[PDB]
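Engineer: Got a structure here, written out as structure tokens. Questions coming.
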Amino acid sequence: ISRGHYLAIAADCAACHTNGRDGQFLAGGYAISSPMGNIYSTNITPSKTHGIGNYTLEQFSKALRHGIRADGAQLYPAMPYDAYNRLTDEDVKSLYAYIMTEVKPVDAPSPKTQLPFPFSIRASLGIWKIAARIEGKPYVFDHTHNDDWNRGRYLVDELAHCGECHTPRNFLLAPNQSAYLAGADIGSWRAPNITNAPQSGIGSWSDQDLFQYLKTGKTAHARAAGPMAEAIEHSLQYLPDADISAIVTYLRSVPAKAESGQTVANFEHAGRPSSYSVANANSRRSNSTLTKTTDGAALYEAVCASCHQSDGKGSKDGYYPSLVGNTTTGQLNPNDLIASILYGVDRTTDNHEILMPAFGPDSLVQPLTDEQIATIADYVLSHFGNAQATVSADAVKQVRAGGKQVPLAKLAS
Amino acid sequence: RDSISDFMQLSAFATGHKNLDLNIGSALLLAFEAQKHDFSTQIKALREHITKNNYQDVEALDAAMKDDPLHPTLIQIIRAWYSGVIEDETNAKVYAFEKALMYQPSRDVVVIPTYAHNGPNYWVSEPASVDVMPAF
Amino acid sequence: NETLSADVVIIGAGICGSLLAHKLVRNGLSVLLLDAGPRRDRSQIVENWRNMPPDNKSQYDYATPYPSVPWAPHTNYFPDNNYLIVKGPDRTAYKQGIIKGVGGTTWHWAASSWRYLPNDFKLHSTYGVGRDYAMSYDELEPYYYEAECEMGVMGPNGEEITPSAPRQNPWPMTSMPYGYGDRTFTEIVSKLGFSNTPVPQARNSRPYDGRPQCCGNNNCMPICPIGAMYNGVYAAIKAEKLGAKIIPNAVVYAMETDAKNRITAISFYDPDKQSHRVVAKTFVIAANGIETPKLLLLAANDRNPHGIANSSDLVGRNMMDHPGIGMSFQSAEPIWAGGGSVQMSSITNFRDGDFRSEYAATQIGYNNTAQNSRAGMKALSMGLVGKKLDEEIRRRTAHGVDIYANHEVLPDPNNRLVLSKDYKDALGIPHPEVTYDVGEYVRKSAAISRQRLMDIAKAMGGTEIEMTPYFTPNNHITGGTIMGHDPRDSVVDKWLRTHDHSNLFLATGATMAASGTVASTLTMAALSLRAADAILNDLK
Ligand SMILES: Cc1cc2nc3c(=O)[nH]c(=O)nc-3n(C[C@H](O)[C@H](O)[C@H](O)COP(=O)(O)OP(=O)(O)OC[C@H]3O[C@@H](n4cnc5c(N)ncnc54)[C@H](O)[C@@H]3O)c2cc1C
Ligand code: HEC
Ligand code: HEC
Ligand code: HEC
Ligand code: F3S
Numbered sequence: 040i041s042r043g044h045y046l047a048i049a050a051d052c053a054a055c056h057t058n059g060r061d062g063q064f065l066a067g068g069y070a071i072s073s074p075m076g077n078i079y080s081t082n083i084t085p086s087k088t089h090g091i092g093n094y095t096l097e098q099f100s101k102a103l104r105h106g107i108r109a110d111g112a113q114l115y116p117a118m119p120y121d122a123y124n125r126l127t128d129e130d131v132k133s134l135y136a137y138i139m140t141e142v143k144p145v146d147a148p149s150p151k152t153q154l155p156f157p158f159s160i161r162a163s164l165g166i167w168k169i170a171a172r173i174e175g176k177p178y179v180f181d182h183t184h185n186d187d188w189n190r191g192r193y194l195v196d197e198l199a200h201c202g203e204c205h206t207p208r209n210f211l212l213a214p215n216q217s218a219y220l221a222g223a224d225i226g227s228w229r230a231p232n233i234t235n236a237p238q239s240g241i242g243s244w245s246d247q248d249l250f251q252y253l254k255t256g257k258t259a260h261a262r263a264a265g266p267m268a269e270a271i272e273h274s275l276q277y278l279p280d281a282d283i284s285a286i287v288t289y290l291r292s293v294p295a296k297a298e299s300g301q302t303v304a305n306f307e308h309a310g311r312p313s314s315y316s317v318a319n320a321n322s323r324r325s326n327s328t329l330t331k332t333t334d335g336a337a338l339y340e341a342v343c344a345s346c347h348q349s350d351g352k353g354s355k356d357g358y359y360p361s362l363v364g365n366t367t368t369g370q371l372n373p374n375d376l377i378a379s380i381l382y383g384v385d386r387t388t389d390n391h392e393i394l395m396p397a398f399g400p401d402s403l404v405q406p407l408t409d410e411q412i413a414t415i416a417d418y419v420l421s422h423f424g425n426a427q428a429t430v431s432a433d434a435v436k437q438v439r440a441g442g443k444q445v446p447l448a449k450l451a452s
Numbered sequence: 048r049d050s051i052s053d054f055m056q057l058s059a060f061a062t063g064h065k066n067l068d069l070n071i072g073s074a075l076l077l078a079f080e081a082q083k084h085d086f087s088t089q090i091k092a093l094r095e096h097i098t099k100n101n102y103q104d105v106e107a108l109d110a111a112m113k114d115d116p117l118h119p120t121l122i123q124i125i126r127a128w129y130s131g132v133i134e135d136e137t138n139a140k141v142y143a144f145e146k147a148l149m150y151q152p153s154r155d156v157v158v159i160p161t162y163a164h165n166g167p168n169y170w171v172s173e174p175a176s177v178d179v180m181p182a183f
Numbered sequence: 003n004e005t006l007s008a009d010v011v012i013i014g015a016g017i018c019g020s021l022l023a024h025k026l027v028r029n030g031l032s033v034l035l036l037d038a039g040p041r042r043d044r045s046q047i048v049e050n051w052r053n054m055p056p057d058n059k060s061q062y063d064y065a066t067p068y069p070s071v072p073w074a075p076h077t078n079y080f081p082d083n084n085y086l087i088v089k090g091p092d093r094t095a096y097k098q099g100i101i102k103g104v105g106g107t108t109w110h111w112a113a114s115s116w117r118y119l120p121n122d123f124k125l126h127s128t129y130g131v132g133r134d135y136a137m138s139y140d141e142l143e144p145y146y147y148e149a150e151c152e153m154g155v156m157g158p159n160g161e162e163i164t165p166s167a168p169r170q171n172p173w174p175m176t177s178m179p180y181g182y183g184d185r186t187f188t189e190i191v192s193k194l195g196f197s198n199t200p201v202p203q204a205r206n207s208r209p210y211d212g213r214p215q216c217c218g219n220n221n222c223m224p225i226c227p228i229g230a231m232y233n234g235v236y237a238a239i240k241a242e243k244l245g246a247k248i249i250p251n252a253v254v255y256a257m258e259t260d261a262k263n264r265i266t267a268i269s270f271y272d273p274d275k276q277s278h279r280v281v282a283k284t285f286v287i288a289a290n291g292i293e294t295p296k297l298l299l300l301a302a303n304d305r306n307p308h309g310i311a312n313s314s315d316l317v318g319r320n321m322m323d324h325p326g327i328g329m330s331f332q333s334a335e336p337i338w339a340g341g342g343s344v345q346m347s348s349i350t351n352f353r354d355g356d357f358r359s360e361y362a363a364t365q366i367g368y369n370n371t372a373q374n375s376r377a378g379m380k381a382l383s384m385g386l387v388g389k390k391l392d393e394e395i396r397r398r399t400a401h402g403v404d405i406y407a408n409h410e411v412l413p414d415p416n417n418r419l420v421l422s423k424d425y426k427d428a429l430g431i432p433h434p435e436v437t438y439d440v441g442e443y444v445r446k447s448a449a450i451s452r453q454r455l456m457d458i459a460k461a462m463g464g465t466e467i468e469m470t471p472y473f474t475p476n477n478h479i480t481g482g483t484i485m486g487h488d489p490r491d492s493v494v495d496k497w498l499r500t501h502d503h504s505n506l507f508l509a510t511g512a513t514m515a516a517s518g519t520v521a522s523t524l525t526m527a528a529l530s531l532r533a534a535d536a537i538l539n540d541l542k
């Protein structure tokens, strides 16, 4: 395929500029749940009337790397232009050629984002840009390391923009570079620590495990869910193998960053050989629309025993993951676990679709109350993964509301 | 404890399978003594018989006790350990599932109805032969 | 409850009512689903079945997971509540099971969604027997397809299996692969000259709607703990999500008609026997093939002394079902039941033919429910001990084969649903009572289906050959609300609208003027959405 198409696939511009399965590709209109609210993606197809067909190379590069449209207004940081600023000029012109010469124009205005005051005006953004230290010399070949190291760095920081989610944001929602690749709450989900820390990060992960995780998102110790589900199903699964090798090579070289209260790797937790009591549901017979079954084991077997066995080691063939020794349950922060319970996991790789059902109020399988999530996550956490964390009603209700509210969001009141 | 320990020992001898869940045993003995008060005397008598006659397996024990009064209790404890139930009514109490012993000899092929086997498409493979005892 | 007024009141919050409410609320109207029973949870039904003693797993009992409410009693045939009294020499043929609640019997249904043949709608025009419908299958095709898409049904996309129901746009899934037993049955009866075909199952061969794919739990009967098959609860909560009102514990018992015979209001009881009245522009009954005529006869007004829409004396009459004879035996070769779903294959070679003028066409199907519990119970039956116990368990779970053969019954006015004058319930409602005659048609059909079952047992060589002398219940509650163009010989028309009441439509199981030969709930959904479109035209 063309260089521009590969560059767009690597940069994952398609996932955020497509409104789901429908919503013809690269027409924007897909809402990002930023702390200020819904930011609607713009249509990027070369349409002369409603698109960016009137865009020229300098304006395209400006919008791609420094966040200015043709009219002159600033683009919201929801565009990852802070990490997208470092592609070389050959890459930006390749994306130019791919956009105007390889995607069909579509004549459909995208929804206009309406932000609450004082974020309604998109003009104060220059102050945030200068305060965030985005510029930004284009990338150059570092000759201290080998070619694969530089290529992995290029994909990680420039194209795949891992730091967009795996690097925590400071008070101004700017990239806090000090904790490089240390994880952050990105809403209902949390990107975990991925540095070379043997316990907090992915330093202890085997090379084949990281390669399989980056190519498919499915391995014995971790499954890509939520933002990784979309990221892998849109950007990495089609990406060639050598670039995955470069990526893992670089991730094996990033400096370490430790998390609070970690002692073993998130995939190194043993399981308690405990289960429910079958007899207890004899008192619960002829007792439909369960509200009285409050015990953690009874709920666990009521909803989750089918896929993850009562032992918590999942399927023999591996389709149902081993909850024991799994990073999502083995992480100290149950935000991955709570988000998995609330929204399930949906990941389409090689036209084959992983899907674990959501257990939020809008579930079709078993819509179950928030206290039930809390007790179930507590049982899962104590018995099979990291027993040092807790899950309460408030945390799950917060994730239901869309993650913890950043302080800046209170200014829109 | 001593009653329950002898209970799990007699069940291991009668079922012939060493791996039995302890909670299932304690609970089955509780239901058993609930149904009849003199279950402890019967189990001590049965253990005495198996020890004195030096019965190696439950097969010879059953063959040599076809008419004695303690055959029904042994048959019924075996029934409770396998089926997981004691009574014969539709409202009886179920004391063990997914660990009841009838589902074990056909576990690898026949799926335990509410617990999933390996993967969403396992039945594409040919099954194991019927003449091999898998495990347990 | 003051008035609970709405544009449309539609009764029975099962798949019928849930689909009707979802389609109506997708067009922006006011809708009142009501149901006779409370809510239930999938996980609780799962746990209730989990702790239910395996003796009723040996003989197929699907109900006790679902509790029975005293105000709205549902049929149980292990120890009987005497809710459904059935009489006649073929009484056992009508031992039909139902569940009342949010989802109905469709809470626990085997997900065998099927299409009828066009000939099935013109039997008397084709064979001079049975009855003809008020419309044709081509009229119902697009409704049938939209139901198939909505429920998420698998199907045999590319196969010229038998002369069967034509399709216009193909099936949004591909059938999951057979288990071992289905393949064995297919090959042995291909040798026997019988044509076995995949059943179309409203399940997930792949993730869809947001529900994971089927894990082969083999517990579609009665309930999957994964939600990989369609349930009426899906459409129920979907309609609720768009603003439609649902009411549990609403047991309709009376209704009122004005001078134009149009229904102004109906009246229901709560569990506390409080009477509450509901008024709406449109009145439609979607409850059951037994519940709907029960309600019609129960509230016979002064304008309608004999019953609602009973000016032709055809409410509850002409009671249809599929007379079935089910068989269980031990195979010479291992059959290994328990792979995948609970039904995956059926013999459809005898679903039509010129023989239909003389005897009934039959459907021979196979039960894929796991025989492990039956094997364990039967092994413990003769008190066998030790390793031999496990060997017998394994051979009985690997050699147990379950078949059934259903027939087609002609409309008989004597097949009736009198309200019992001897039994009553917590609300005082007269309990249903049916009187079934299988007819010489089905007797002649069974005279041949029996030979067919003897051949199916002999060619594969079963032992312990067990045959019931009676007809088994196939639970397809059709007839009682016959279609037609003449008001003097029918109750409802091609648009399901009653002849006596232009305001009353009937989207019930009893609607089918013929029982057909295969499963007929998907026909019921197509009819329900046709009634939805009729209501749309009426109110817009
Ligand atoms: C064992 C068994 C196997 C079956 N197998 C198949 C099969 O393979 N294929 C197939 O197609 N079908 C099969 N069926 C049939 C199928 O499951 C049901 O017929 C289907 O769910 C249709 O039911 P319904 O929606 O009309 O009624 P339901 O959804 O069951 O009931 C509707 C609701 O009406 C309410 N109601 C009733 N009377 C009143 C009243 N007077 N006032 C107020 N509310 C009232 C009740 O509360 C109930 O919840 C089977 C049925 C059984 C029992
Ligand atoms: C650039 C290609 C990368 C790389 C190499 C990684 N990330 Fe992510 N990721 C995101 C979230 C929310 C999670 C956690 C999911 C959960 O809690 O269940 C992850 C997970 C990972 C892992 C697994 C490590 C672990 O501890 O589980 C790894 C190795 C990893 N990531 C590396 C979300 C995102 C993004 C959201 C916008 C971005 C971009 C990336 N990840 C990018 C990358
Ligand atoms: C979902 C994350 C995301 C990624 C990844 C992304 N974009 Fe965008 N893009 C946005 C958002 C959000 C905006 C508008 C932000 C604003 O208005 O401040 C935007 C705006 C733009 C604009 C301005 C057009 C207009 O009408 O506003 C251009 C040009 C653009 N992006 C190009 C690209 C290119 C090229 C890529 C490389 C694939 C890319 N984007 C990747 C989200 C993304
Ligand atoms: C069979 C449907 C199904 C249900 C129901 C289910 N799971 Fe899972 N779950 C899966 C599958 C499949 C995956 C991994 C997806 C893949 O590999 O494609 C998964 C993944 C997970 C994950 C995330 C693993 C990761 O690395 O991201 C967690 C946590 C989890 N399951 C826990 C639970 C708990 C707790 C419950 C019950 C309250 C539950 N699941 C119910 C099938 C299910
Ligand atoms: S029980 Fe469930 S896993 Fe499949 S076989 Fe039936 S839908």
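The listed protein sequences derive, respectively, from chains C, B and A. Each position in the first sequence, counted from 1, maps to that position plus 39 in PDB author numbering. Each position in the second sequence, counted from 1, maps to that position plus 47 in PDB author numbering. Each position in the third sequence, counted from 1, maps to that position plus 2 in PDB author numbering. We treat Cβ as the ideally placed atom computed from N, Cα and C, and that holds for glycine.
Roughly how many whole angstroms lie between the Cα atoms of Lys443/C and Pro266/C?
Structural biologist: If I take the Cα positions, the gap works out to 17 Å.
Engineer: Looking at the C-beta of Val158/B, does it have a partner C-beta in chain C at a distance below 7 Å?
Structural biologist: Judged by the 7 Å Cβ criterion, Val158/B is not in contact with chain C.
Engineer: Hey, quick one: how far does the alpha helix (DSSP H) through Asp424/A stretch, first residue to last?
Structural biologist: Taken as a continuous stretch (DSSP letters only), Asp424/A belongs to no alpha helix (DSSP H), being part of the beta strand (DSSP E) at 421-426.
Engineer: At a CB-CB cut-off below 7 Å, which residues of chain C make contact with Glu145/B?
Structural biologist: Going along chain C in sequence order, the residues near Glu145/B (Cβ under 7 Å) are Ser349.
Engineer: Provide the residue span of the alpha helix (DSSP H) that contains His205/C, from first to last.
Structural biologist: Where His205/C is concerned, the enclosing alpha helix (DSSP H) stretches over 202-205.
Engineer: Within a Cβ cutoff of 8 Å, which residues of the same chain sit near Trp173/A, ignoring the five residues on either side of it in sequence?
Structural biologist: So the qualifying residues of the chain are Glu150, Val155, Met156, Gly157, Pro158, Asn159, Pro202.
Engineer: Hey, would you say the C-beta of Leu212/C is under 6 Å away from at least one heavy atom of ligand 1?
Structural biologist: Because no heavy atom of ligand 1 lies under 6 Å away, the Cβ of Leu212/C does not count as near it: no.
Engineer: For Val48/A, go through chain B and note every residue whose CB falls closer than 8 Å to its CB, in chain order.
Structural biologist: Those are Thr161, listed as they occur along chain B.
Engineer: I'd like to know if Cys222/A contacts chain B, where contact means its C-beta is closer than 7 Å to some C-beta of that chain.
Structural biologist: It does not: the Cβ of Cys222/A has no partner Cβ on chain B nearer than 7 Å.
Engineer: Between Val404/C and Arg208/A, which are expected to be in contact by the criterion C-beta below 8 Å, what is the C-beta distance as a whole number of angstroms?
Structural biologist: Not really, about 16 Å apart at Cβ, beyond 8 Å.
Engineer: Can you tell me which of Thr284/A, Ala282/A, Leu316/A puts its alpha carbon nearest to the alpha carbon of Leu298/A?
Structural biologist: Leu298/A has its Cα closest to that of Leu316/A, out of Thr284/A, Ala282/A, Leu316/A.
Engineer: Threshold first: 3 residues or longer. Then list the beta strand (DSSP E) segments lying entirely within the region 277-350 of chain A, N to C.
Structural biologist: Within the region 277-350 of chain A, the complete beta strand (DSSP E) runs of at least 3 residues are 277-287, 326-332, 347-349.
Engineer: Taking all protein chains shown into account, do 16 or more other C-beta atoms lie within 10 angstroms of the C-beta of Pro174/B, making it buried, or fewer, making it exposed?
Structural biologist: The residue is buried, with at least 16 neighbouring Cβ atoms inside 10 Å.
Engineer: Which chain C residues are close to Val179/B, counting only those with a beta carbon under 8 Å from its beta carbon?
Structural biologist: Under the 8 Å cutoff, chain C gives no residues; its nearest Cβ is about 18 Å from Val179/B.
Engineer: Look at the alpha carbon of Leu506/A and the alpha carbon of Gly92/C, and state the distance between them as a whole number of angstroms.
Structural biologist: So the alpha carbons of these two residues sit roughly 58 Å apart.
Engineer: What does the alpha-carbon distance come out to for the pair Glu95/B and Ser343/A?
Structural biologist: Cα-Cα distance, rounded: 48 Å.
Engineer: So the alpha helix (DSSP H) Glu49/A belongs to, where does it begin and stop?
Structural biologist: Taken as a continuous stretch (DSSP letters only), the alpha helix (DSSP H) holding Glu49/A covers 44-52.
Engineer: Counting C-beta neighbours from all protein chains within 10 Å, is the total for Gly59/C 16 or more, i.e. buried, or is it exposed?
Structural biologist: Under this definition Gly59/C is an exposed residue.
Engineer: Quick check: the region 340-355 of chain C against the region 64-81 of chain A, are there 3 or more CB pairs under 8 Å?
Structural biologist: With a cut-off of 8 Å, the region 64-81 of chain A and the region 340-355 of chain C do not count as touching, because too few Cβ pairs lie within range.
Engineer: Please classify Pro489/A: does DSSP put it in a helix, a strand, or coil?
Structural biologist: It is helical.
Engineer: Who pairs with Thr480/A in a beta bridge, going by DSSP?
Structural biologist: According to DSSP, which records beta bridges pairwise, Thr480/A is partnered with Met322/A.
Engineer: Chain B beta carbons: is any one of them nearer than 7 Å to that of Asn58/A?
Structural biologist: Yes, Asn58/A lies at the interface with chain B (some Cβ there is under 7 Å from its Cβ).
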